[PDB]
């Protein structure tokens, strides 16, 4: 039996990995998105992965002709018409709790509309947009400071889990379906948000504006920009200016304060670059006063470098420990899968200071992770003939 995975990003990669691991009786095929040109970013290129793992890449037109197959879309970019296949084993993951939020921008709209929850849905593909019957779905709450990025990452994670949970049933044909209700069905088109001329409506309440701010916060794509300042989170003040909504009450390097329909708002300028630099050699005290929101402690640059990665590469031990205490992952990775341990190893090698490792191991540092090339820190130390450091690191269980 053939399984065609059509789509992109870590959902398509991780689903495909689980299949390779778990279901060896299956002949796998890939259909990729037009904009996937082989470059990893915040999400892995499914194209690059398939080529490296010897998964044959086929066109959509080819997939139509494959008989004895299941077809599974995961953030795929082309409309699929059920009529064009010999069979009805055509499945999709959509990033909403259907029937709500059919269509586009499902990491923004629920936030813009102040939903309490969202979810992910596995359903049949039918001819229309996210209209087909439901096989399974899972819901989750939206956090108070949820952004489009944090939301999208929850969708990737939950979607991957729902596919793996259901795939044996999709394969066996032993699943149930329920037609989507018309009631509380909703849809947004690509015209509904112009990401290339995004404007925040300031003639609104504090809460409405901060909803918009957070819905448009997705660092890899954009930050919201107000009065020529990139914004990273904000807060609602207790003051209530009489000035027209949108009036700039205060503007400095740190923030803007605006009048709204109700309560004044304070919008924090983005200082992520400054946070990264500070993590090289400054104290947790210093950093705690530089940041305006603790959200900034979990941000990543275009390579995936985070505060804790920088701290680790520079052997800034007090900052590593402090970040961990704020809930940062001691085993964080950049976008190539390089781990905190690998960066810390670099510091040990460069400095000759091995004394900090034990502390990190006790805080949960995992030496046995593999990066996107399938190599561990040990594989690198061996390749580079850093045998003394290898052997030192090897003493930790």
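Residue numbers count along the first chain shown, from 1.
- Relative to one another, 180-188 and 196-204 have unequal mean CA B-factors, and 196-204 is the one with the higher figure.
- Higher mean CA temperature factor between 331-339 and 31-39: 31-39, per the PDB entry.
- Residue 245 sits in the middle third of its chain by CA B factor, as recorded in the PDB entry.
- For residue 23, the recorded CA B-factor ranks within the highest third of the chain. Only modelled residues enter the ranking.
- For residue 82, the recorded CA temperature factor ranks within the highest third of the chain's modelled residues.
- Residue 226 sits in the highest third of its chain by CA B factor, as recorded in the PDB entry.
- Ranked within its chain, residue 387 lands in the highest third, by CA B factor from the PDB record.
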